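The file final_9.txt contains compact mmCIF, C-alpha atoms and all ligand atoms:
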# COMPACT_ATOMS: atom_id res chain seq x y z
CA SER A 5 2.97 -48.80 -54.77
CA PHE A 6 5.53 -48.35 -51.86
CA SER A 7 4.44 -46.29 -48.87
CA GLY A 8 5.98 -45.12 -45.63
CA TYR A 9 9.59 -45.28 -46.82
CA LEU A 10 12.35 -42.95 -45.73
CA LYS A 11 14.39 -41.74 -48.78
CA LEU A 12 18.12 -42.30 -48.15
CA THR A 13 19.45 -41.39 -51.62
CA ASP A 14 18.15 -40.67 -55.14
CA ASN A 15 17.35 -44.42 -55.56
CA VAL A 16 17.48 -46.10 -52.12
CA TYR A 17 14.49 -46.12 -49.73
CA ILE A 18 14.12 -47.83 -46.34
CA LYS A 19 11.29 -48.87 -44.03
CA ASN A 20 10.90 -50.83 -40.79
CA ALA A 21 8.73 -53.61 -42.17
CA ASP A 22 8.32 -57.35 -42.42
CA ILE A 23 9.27 -58.04 -46.08
CA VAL A 24 6.62 -60.83 -46.30
CA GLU A 25 3.88 -58.42 -45.18
CA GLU A 26 5.32 -55.71 -47.38
CA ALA A 27 5.37 -58.03 -50.42
CA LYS A 28 1.75 -59.15 -49.82
CA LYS A 29 0.65 -55.51 -49.60
CA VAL A 30 2.67 -53.96 -52.48
CA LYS A 31 2.76 -57.06 -54.74
CA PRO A 32 5.95 -55.68 -56.34
CA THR A 33 7.35 -56.73 -59.71
CA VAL A 34 10.42 -58.09 -57.87
CA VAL A 35 10.98 -59.22 -54.33
CA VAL A 36 14.57 -60.12 -53.42
CA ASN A 37 15.22 -63.23 -51.39
CA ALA A 38 18.26 -63.58 -49.12
CA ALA A 39 19.09 -66.93 -50.71
CA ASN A 40 21.88 -69.44 -50.24
CA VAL A 41 23.62 -71.27 -53.13
CA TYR A 42 21.39 -74.34 -52.71
CA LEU A 43 18.15 -72.29 -52.58
CA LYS A 44 17.35 -74.07 -49.29
CA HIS A 45 14.95 -71.55 -47.75
CA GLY A 46 15.18 -72.71 -44.17
CA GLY A 47 15.34 -69.58 -42.08
CA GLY A 48 15.79 -65.83 -41.98
CA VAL A 49 14.16 -63.92 -44.83
CA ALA A 50 14.25 -67.01 -47.11
CA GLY A 51 12.45 -69.23 -44.61
CA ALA A 52 9.84 -66.50 -44.09
CA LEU A 53 9.27 -65.85 -47.82
CA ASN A 54 9.08 -69.57 -48.54
CA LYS A 55 6.61 -70.21 -45.67
CA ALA A 56 4.40 -67.40 -47.10
CA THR A 57 4.30 -69.26 -50.46
CA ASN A 58 3.13 -72.47 -48.65
CA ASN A 59 6.48 -74.04 -49.72
CA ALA A 60 5.82 -73.44 -53.45
CA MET A 61 9.05 -71.39 -53.57
CA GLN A 62 11.03 -74.36 -52.19
CA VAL A 63 9.44 -76.82 -54.67
CA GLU A 64 10.26 -74.51 -57.59
CA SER A 65 13.76 -73.93 -56.19
CA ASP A 66 14.52 -77.65 -55.84
CA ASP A 67 13.58 -78.16 -59.50
CA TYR A 68 15.83 -75.19 -60.45
CA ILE A 69 18.81 -76.68 -58.50
CA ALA A 70 18.21 -80.17 -59.91
CA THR A 71 18.48 -78.68 -63.41
CA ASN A 72 21.17 -76.00 -62.94
CA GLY A 73 23.20 -76.83 -59.88
CA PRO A 74 23.95 -74.36 -57.13
CA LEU A 75 24.26 -70.63 -57.57
CA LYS A 76 27.55 -68.85 -56.94
CA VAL A 77 28.02 -66.71 -53.80
CA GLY A 78 27.40 -63.20 -55.20
CA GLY A 79 25.07 -64.58 -57.89
CA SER A 80 21.35 -64.75 -58.42
CA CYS A 81 18.53 -66.28 -60.33
CA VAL A 82 15.02 -65.07 -61.22
CA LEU A 83 12.21 -67.39 -60.25
CA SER A 84 8.47 -66.90 -59.64
CA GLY A 85 7.35 -64.49 -56.95
CA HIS A 86 4.34 -66.79 -56.24
CA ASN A 87 1.79 -64.91 -54.05
CA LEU A 88 4.42 -62.29 -53.03
CA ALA A 89 5.56 -60.63 -56.26
CA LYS A 90 5.67 -61.14 -60.04
CA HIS A 91 9.27 -62.44 -59.66
CA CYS A 92 11.59 -63.39 -56.89
CA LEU A 93 15.21 -62.48 -57.42
CA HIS A 94 17.14 -64.99 -55.29
CA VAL A 95 20.40 -63.29 -54.46
CA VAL A 96 23.24 -64.98 -52.56
CA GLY A 97 25.13 -62.61 -50.34
CA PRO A 98 28.23 -63.99 -48.56
CA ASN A 99 27.43 -65.76 -45.30
CA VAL A 100 30.14 -64.62 -42.86
CA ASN A 101 29.04 -67.49 -40.49
CA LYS A 102 30.01 -69.99 -43.28
CA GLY A 103 33.40 -68.18 -43.71
CA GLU A 104 32.41 -66.62 -47.04
CA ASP A 105 34.22 -63.57 -48.34
CA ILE A 106 32.45 -60.29 -47.30
CA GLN A 107 34.03 -58.71 -50.44
CA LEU A 108 31.38 -60.65 -52.47
CA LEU A 109 28.61 -58.42 -51.01
CA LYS A 110 29.15 -55.79 -53.75
CA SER A 111 28.84 -58.51 -56.45
CA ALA A 112 25.62 -59.70 -54.77
CA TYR A 113 24.11 -56.18 -54.84
CA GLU A 114 25.08 -55.75 -58.52
CA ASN A 115 22.35 -58.28 -59.36
CA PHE A 116 19.80 -55.64 -58.30
CA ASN A 117 20.86 -53.41 -61.21
CA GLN A 118 19.18 -55.77 -63.68
CA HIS A 119 15.73 -54.72 -62.29
CA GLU A 120 14.27 -51.20 -62.43
CA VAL A 121 12.58 -51.49 -59.01
CA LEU A 122 12.88 -54.04 -56.22
CA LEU A 123 11.60 -54.73 -52.71
CA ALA A 124 14.61 -56.17 -50.82
CA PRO A 125 16.19 -57.03 -47.54
CA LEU A 126 19.75 -55.97 -46.62
CA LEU A 127 21.98 -58.65 -48.11
CA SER A 128 24.16 -60.71 -45.78
CA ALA A 129 22.42 -59.17 -42.74
CA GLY A 130 20.61 -61.24 -40.05
CA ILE A 131 21.61 -64.89 -39.94
CA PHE A 132 24.17 -64.29 -42.73
CA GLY A 133 26.33 -62.57 -40.10
CA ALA A 134 27.48 -59.38 -41.80
CA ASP A 135 27.22 -55.90 -40.28
CA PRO A 136 23.91 -54.43 -41.58
CA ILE A 137 25.39 -50.88 -41.48
CA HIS A 138 28.09 -52.14 -43.89
CA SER A 139 25.42 -53.87 -46.05
CA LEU A 140 23.40 -50.63 -46.36
CA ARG A 141 26.57 -48.70 -47.36
CA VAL A 142 27.40 -51.30 -50.06
CA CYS A 143 23.77 -51.20 -51.22
CA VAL A 144 23.79 -47.37 -51.59
CA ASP A 145 27.18 -47.41 -53.34
CA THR A 146 26.33 -50.31 -55.71
CA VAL A 147 22.64 -50.31 -56.61
CA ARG A 148 21.60 -47.69 -59.15
CA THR A 149 18.03 -48.94 -59.70
CA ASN A 150 15.17 -48.15 -57.27
CA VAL A 151 15.51 -50.30 -54.19
CA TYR A 152 12.98 -50.36 -51.33
CA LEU A 153 14.63 -51.91 -48.30
CA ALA A 154 12.54 -53.63 -45.66
CA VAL A 155 14.32 -53.93 -42.27
CA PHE A 156 12.41 -56.20 -39.91
CA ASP A 157 13.97 -55.14 -36.60
CA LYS A 158 12.83 -51.59 -35.42
CA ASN A 159 15.97 -51.23 -33.30
CA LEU A 160 18.24 -52.01 -36.26
CA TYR A 161 16.16 -49.76 -38.59
CA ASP A 162 16.61 -46.77 -36.20
CA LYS A 163 20.40 -47.51 -35.93
CA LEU A 164 20.67 -47.70 -39.76
CA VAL A 165 18.84 -44.40 -40.30
CA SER A 166 20.60 -42.51 -37.45
CA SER A 167 24.07 -43.62 -38.58
CA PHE A 168 23.49 -43.13 -42.34
CA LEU A 169 25.92 -40.72 -43.94
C1 LIG B 201 3.22 -52.45 -60.74
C2 LIG B 201 2.51 -53.53 -59.96
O1 LIG B 201 2.45 -53.16 -58.58
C3 LIG B 201 3.27 -54.86 -60.11
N1 LIG B 201 2.49 -56.00 -59.62
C4 LIG B 201 3.11 -57.31 -59.88
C5 LIG B 201 2.35 -58.46 -59.27
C6 LIG B 201 1.16 -58.92 -59.87
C7 LIG B 201 0.38 -59.90 -59.28
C8 LIG B 201 0.81 -60.43 -58.07
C9 LIG B 201 1.98 -60.01 -57.49
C10 LIG B 201 2.76 -59.04 -58.07
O2 LIG B 201 2.16 -60.64 -56.28
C11 LIG B 201 1.13 -61.64 -56.22
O3 LIG B 201 0.20 -61.37 -57.27
Starting from the file, give its structure as structure tokens.
Amino acid sequence: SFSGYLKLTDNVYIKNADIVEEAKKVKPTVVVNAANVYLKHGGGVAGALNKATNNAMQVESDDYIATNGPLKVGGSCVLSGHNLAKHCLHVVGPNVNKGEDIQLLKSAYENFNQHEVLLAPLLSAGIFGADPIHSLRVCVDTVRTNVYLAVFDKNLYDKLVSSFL
């Protein structure tokens, strides 16, 4: 199971870790992907998770989009976790760099409540352009299930922990 996490609340845990390496080690029931509406896993967490699956995540995702169309910003879908997890929950947080509404971040985190335990990144952080301190606050105030957050950057991890109220 999950090791080396700092407990932030009753249900939220955090660790400075590469989510791909963390997923390969823990093999969780659910790994969350920082997805976009088209499930085009080009970069950030999505590009890294997809590269770890040898592009199998992208092939599965393209079939899903061909059948269902794009996801909504704030929405999600459950697909295979491939070699990373039993399932991957692809969650679309708002991308501030694409002019998407930051208010949709709470709706994005609500998807996590459908799963008892998840390994996840901070939604809308990184290349999605939102403030990760804000993302962690929305996570803590929205997710009620057990969430294990992997924060890749040590400097950001220390800022998140030291500023956590
Ligand atoms: C409670 C237990 O840790 C859940 N494991 C699910 C799980 C099974 C097989 C996997 C995997 C994930 O990633 C790749 O092969």
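CA of residue 111 in chain A is found 22.6 Å from CA of residue 47 in chain A.
Shortest separation to ligand LIG 201 (chain B) among A:163, A:28, A:119, A:55 occurs at residue A:28, atoms counted being all atoms listed in the file.
Distances from A:123, A:142, A:82, A:112 to ligand LIG 201 (chain B) were compared using all atoms listed in the file, and the smallest one belongs to A:123.
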Worksheet item: Taking into account all atoms listed in the file, which residue in the set A:12, A:126, A:24, A:6 is nearest to residue 52 in chain A?
Response: A:24
Surrounding residues of residue 134 in chain A excluding itself and chain neighbours under 6 positions, 9 Å, only C-alpha atoms, as a CSV table (one decimal) with C-alpha atoms, in the frame of the given file:
chain,number,residue,atom,x,y,z
A,98,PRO,CA,28.2,-64.0,-48.6
A,99,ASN,CA,27.4,-65.8,-45.3
A,100,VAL,CA,30.1,-64.6,-42.9
A,101,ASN,CA,29.0,-67.5,-40.5
A,106,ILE,CA,32.4,-60.3,-47.3
A,127,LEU,CA,22.0,-58.6,-48.1
A,128,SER,CA,24.2,-60.7,-45.8
Item to complete: Write out as a PyMOL selection string which residues come within 12 Å of residue 70 in chain A when counting all atoms listed in the file, dropping same-chain ones fewer than 5 positions away.
Response: chain A and resi 42-43+63-65+75
Fill in: Contacts of residue 115 in chain A at 10 Å (only C-alpha atoms; same-chain gap of 2+ positions) as a list in words
residues 36, 78, 79, 80, 81, 93, 94, 95, 96, 110, 111, 112, 113, 117, 118, 119, 146 and 147 of chain A
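When all atoms listed in the file are used to compute distances to residue 38 in chain A, the closest of the residues A:50, A:164, A:77, A:21 turns out to be A:50.
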Worksheet item: Residues within 8 Å of ligand LIG 201 (chain B) (only C-alpha atoms and all ligand atoms), as an MDAnalysis selection string?
Response: chainID A and resid 5 27:28 30:34 85:91
Find the residues near residue 141 in chain A: any atom within 9 Å, counting all atoms listed in the file, skip ones fewer than 4 places away on the same chain, and give them as a short mmCIF file (atom, residue, chain, number, x, y, z; two decimals) with C-alpha atoms, keeping the file's coordinate frame.
data_model
loop_
_atom_site.label_atom_id
_atom_site.label_comp_id
_atom_site.auth_asym_id
_atom_site.auth_seq_id
_atom_site.Cartn_x
_atom_site.Cartn_y
_atom_site.Cartn_z
CA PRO A 136 23.91 -54.43 -41.58
CA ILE A 137 25.39 -50.88 -41.48
CA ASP A 145 27.18 -47.41 -53.34
CA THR A 146 26.33 -50.31 -55.71
CA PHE A 168 23.49 -43.13 -42.34
CA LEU A 169 25.92 -40.72 -43.94
#
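Each of A:167, A:133, A:124, A:22 was compared to residue 152 in chain A using all atoms listed in the file, and A:124 turns out to be the nearest.
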Since the input has fewer atoms than a full residue there, write range 135-153 of chain A out with N, CA, C and O atoms, as a short mmCIF file (atom, residue, chain, number, x, y, z; two decimals), in the coordinates of the input.
data_model
loop_
_atom_site.label_atom_id
_atom_site.label_comp_id
_atom_site.auth_asym_id
_atom_site.auth_seq_id
_atom_site.Cartn_x
_atom_site.Cartn_y
_atom_site.Cartn_z
N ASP A 135 27.66 -57.10 -40.95
CA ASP A 135 27.22 -55.90 -40.28
C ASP A 135 26.18 -55.24 -41.17
O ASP A 135 26.52 -54.88 -42.29
N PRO A 136 24.93 -55.07 -40.72
CA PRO A 136 23.91 -54.43 -41.58
C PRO A 136 24.23 -52.99 -41.97
O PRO A 136 23.81 -52.54 -43.03
N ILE A 137 24.98 -52.25 -41.12
CA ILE A 137 25.39 -50.88 -41.48
C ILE A 137 26.31 -50.94 -42.73
O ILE A 137 26.15 -50.15 -43.65
N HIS A 138 27.22 -51.92 -42.75
CA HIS A 138 28.09 -52.14 -43.89
C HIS A 138 27.24 -52.54 -45.12
O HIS A 138 27.45 -52.01 -46.22
N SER A 139 26.28 -53.45 -44.93
CA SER A 139 25.42 -53.87 -46.05
C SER A 139 24.66 -52.70 -46.67
O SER A 139 24.59 -52.60 -47.89
N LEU A 140 24.13 -51.79 -45.84
CA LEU A 140 23.40 -50.63 -46.36
C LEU A 140 24.34 -49.70 -47.16
O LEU A 140 23.97 -49.21 -48.21
N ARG A 141 25.58 -49.54 -46.69
CA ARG A 141 26.57 -48.70 -47.36
C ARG A 141 26.90 -49.31 -48.73
O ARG A 141 26.85 -48.61 -49.74
N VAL A 142 27.13 -50.64 -48.78
CA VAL A 142 27.40 -51.30 -50.06
C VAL A 142 26.19 -51.20 -50.98
O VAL A 142 26.33 -50.92 -52.18
N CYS A 143 24.98 -51.36 -50.43
CA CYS A 143 23.77 -51.20 -51.22
C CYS A 143 23.71 -49.80 -51.89
O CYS A 143 23.55 -49.69 -53.10
N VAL A 144 23.86 -48.75 -51.09
CA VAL A 144 23.79 -47.37 -51.59
C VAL A 144 24.86 -47.10 -52.64
O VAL A 144 24.60 -46.38 -53.61
N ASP A 145 26.06 -47.65 -52.42
CA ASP A 145 27.18 -47.41 -53.34
C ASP A 145 27.23 -48.36 -54.53
O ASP A 145 28.13 -48.23 -55.36
N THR A 146 26.30 -49.33 -54.62
CA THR A 146 26.33 -50.31 -55.71
C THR A 146 25.07 -50.29 -56.55
O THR A 146 25.15 -50.38 -57.78
N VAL A 147 23.91 -50.26 -55.91
CA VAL A 147 22.64 -50.31 -56.61
C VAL A 147 22.30 -48.94 -57.17
O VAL A 147 22.37 -47.94 -56.46
N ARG A 148 21.98 -48.91 -58.44
CA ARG A 148 21.60 -47.69 -59.15
C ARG A 148 20.11 -47.67 -59.49
O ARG A 148 19.55 -46.61 -59.77
N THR A 149 19.45 -48.84 -59.47
CA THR A 149 18.03 -48.94 -59.70
C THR A 149 17.28 -48.64 -58.38
O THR A 149 17.92 -48.40 -57.34
N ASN A 150 15.96 -48.57 -58.44
CA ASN A 150 15.17 -48.15 -57.27
C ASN A 150 14.97 -49.30 -56.32
O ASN A 150 14.27 -50.26 -56.66
N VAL A 151 15.59 -49.22 -55.16
CA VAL A 151 15.51 -50.30 -54.19
C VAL A 151 14.81 -49.82 -52.92
O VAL A 151 15.15 -48.76 -52.37
N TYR A 152 13.81 -50.58 -52.51
CA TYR A 152 12.98 -50.36 -51.33
C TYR A 152 13.36 -51.42 -50.33
O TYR A 152 13.04 -52.59 -50.50
N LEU A 153 14.11 -51.02 -49.32
CA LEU A 153 14.63 -51.91 -48.30
C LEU A 153 13.67 -52.06 -47.16
O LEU A 153 13.22 -51.08 -46.57
#
